[PDB]
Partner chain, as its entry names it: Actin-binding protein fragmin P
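Given as structure tokens, the chain that follows is alone and in the form solved without the partner chain.
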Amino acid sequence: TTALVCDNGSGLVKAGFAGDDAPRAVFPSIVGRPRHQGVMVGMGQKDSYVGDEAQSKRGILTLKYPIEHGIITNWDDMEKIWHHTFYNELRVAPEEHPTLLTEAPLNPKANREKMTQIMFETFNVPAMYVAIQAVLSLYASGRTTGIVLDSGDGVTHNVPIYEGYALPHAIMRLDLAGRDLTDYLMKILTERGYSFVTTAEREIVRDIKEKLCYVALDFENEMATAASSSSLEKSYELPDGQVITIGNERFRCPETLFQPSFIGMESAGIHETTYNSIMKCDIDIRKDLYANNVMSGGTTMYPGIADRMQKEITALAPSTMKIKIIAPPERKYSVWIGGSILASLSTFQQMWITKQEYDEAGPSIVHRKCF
């Protein structure tokens, strides 16, 4: 049969079929409900909206994310999103297809236990499997050795792998990702008199961040350049026709990744996190780890982030080591591509958690069979 690969991220849902080169369905992972009163009768109105239909009508809706920091917090909305993905986007029968799901490392066990329970009971899938997103990203690049830096909307994490072996004690997890950057940009936009307070306005700020933000190679030099002249300013048109102009915010927003103290976090930056993850591994594999830094996720798509990470890691690493950052242009879907590749492999077909095994063992079997 044909397996289903579903990457349930905090911000976007990636779904498709195993063997394909790109995900079939990509849409935001949101559920919207009306907050005003309906005075017009005879027209089709629904109590909830999911995905693009919620984005289109966001002006009269309150938008909620069921997944927060890679943890599912509203299982009703998550089930609604899964139903939407299975029926309206891919248009498939769930019980006729094994499904591969993704999860961030160091997550609560109950999250994947409930994922398995929902998949086996509500949708009655024949088989399912839960994988780590960082390993799938390594699969997508055709590599067996390297350290993967994956940063999406909720979670940023590092996983070092050498010759197909993972070192769990060196796994790092950070709760700073895209959504936090969007909130910080939303806060700092008030310096120029721009006020965004609603969940519909938050999406507008996210679009502005995606379309106008970049990572500066040197932060203080960029600050001086922005203070000296107006060559770095850009204009953006709001949906109602208003035009806003932003200056140093464009690179101030992504700077939080390297300086988490901008949002009040004591943790270190992504470069120092990667260096510490490398230094926790055996001395005989650090040289290979230094040359196989793999980037994945939407938050790694800022212009100039790879050069900045290269510079920082070079400044941290010994001068005789060769630092190489791997940033494929398609790294936005590396997790899904690796999941499809894994589901297409012949040797993986006996690693599926089947319905019989679940009926015998309960939801706890995902701990024994998956990682």
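Numbering follows the first chain given and starts at 1.
Not on display, but discussed next: the form solved in complex with the partner chain.
Contact check for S141: a heavy atom falls within 4.5 Å of the partner chain in the deposited complex.
Residue contact check for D76: none of its heavy atoms lie within 4.5 Å of the partner chain in the deposited complex.
Taking the partner from elsewhere, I313 is found to have every heavy atom lying beyond 4.5 Å of the partner chain in the deposited complex. For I305, no non-hydrogen atom is located within 4.5 Å of the partner chain in the deposited complex, even though that partner is not displayed.
Residues of 323-343 lying near the partner chain in the deposited complex, listed in sequence order, are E330, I337, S340, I341, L342, the criterion being any heavy atom within 4.5 Å.
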